[PDB]
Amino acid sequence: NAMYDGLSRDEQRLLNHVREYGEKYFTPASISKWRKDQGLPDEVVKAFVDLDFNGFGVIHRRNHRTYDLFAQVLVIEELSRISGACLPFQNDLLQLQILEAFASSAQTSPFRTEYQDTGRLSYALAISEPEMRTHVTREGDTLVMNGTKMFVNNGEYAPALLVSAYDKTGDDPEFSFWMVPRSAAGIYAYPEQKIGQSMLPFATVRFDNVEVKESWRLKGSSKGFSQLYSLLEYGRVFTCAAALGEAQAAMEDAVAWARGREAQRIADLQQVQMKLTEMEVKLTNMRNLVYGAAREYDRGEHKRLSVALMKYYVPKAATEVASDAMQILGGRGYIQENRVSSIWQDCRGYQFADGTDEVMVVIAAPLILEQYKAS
């Protein structure tokens, strides 16, 4: 049990602020167009970073150490709920966090400032590889980068690429980040159209002998895959909060259809009653896992296993809820116009984002063994 009652006043006010923003901009007509444009207007994105977050650290580190993850989760779940869509916000929050972790204050200052002044980021994160094999090597007097990055959000048009690479230019192979201008010769972007999550266009980006300057390398407090890997767990919480939100939007449509429509009403049908309770059980479980993992961080008691179990369960559960919602709306609602069919497609995509189910099993099983040995 974790619903409105049970949040603090401060947390509830945050929701109020986010809900007033979402309702204002995320109309069905607006969202339909923005899905088509694969992106949000300057005004909408700027209004998001201008939001009154009620003192929570949502786009800044309130406590000067970490963000407030539960707060971030409430923001993402609510915007995903109102919009019924995959929004760019969670991807910005993670990219911001990752940049801060690996680069000096002087290096990140320009980018943070741009984000606060426009609500957009001038760089795109490029980490995943097809199968890590992206290298930087010295030829003579030059540093040259070779590799291929996959699933690069906004890879096609981003002004710059924040690229993870093995640096080999040292005497006798280490983890490294490079902020590479998209204008450097040898960078090729190949847009990948996915069946869902239209507003988060990705690309495959190939680096073919790209000259990189030393000043481009991130010189930060954090180092190594270890640090990156921790940061990507936040990405899983974000993704699950989005899945929960969208799933919740599908459930609202199902319920509204069920009471409204008649076939006496469709909601007095045993089949529909069970589907409804089945869906509310899944939503309850999703929310409990997402909120629990998030509140652990904020206590300073994060466990890897919580995040792994959450990621294993929620996107698949979200997809099943959205699918059940389609079944309740009947033949219409397999129509592209209906947001439930977009939601269903979005949620299916969450089963690939930020590590698959199969990867969560590999991460979780030793932690489970460890947990039962330890008790």
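The numbering used is simple: start at 1 and walk along the sequence shown.
The modelled chain breaks after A263 and resumes at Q264, leaving 1 to 3 residues of the deposited sequence without coordinates. Unmodelled residues of the deposited sequence between neighbouring positions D141 and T142 number none; the chain is continuous. Higher average CA B factor: 333-341, of the stretches 333-341 and 22-30. Stretches 221-229 and 182-190 differ in mean C-alpha B factor, with the higher average recorded for 221-229. Of all the options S198, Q90, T204, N285, the entry's greatest CA B-factor is assigned to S198. Ranking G170, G292, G245, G300 by the C-alpha B-factor listed in the PDB entry places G170 at the top. Ranked by C-alpha B-factor against the other modelled residues of its chain, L162 falls in the middle third. The PDB entry assigns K213 a C-alpha temperature factor belonging to the highest third of its chain's modelled residues.
Remark: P110 belongs to the highest third of its chain, ranked by C-alpha B-factor as recorded. Residue-level temperature factors show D37 in the highest third of its chain, judged at the C-alpha atom. The deposited CA B-factor of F238 belongs to the lowest third of values across its chain.
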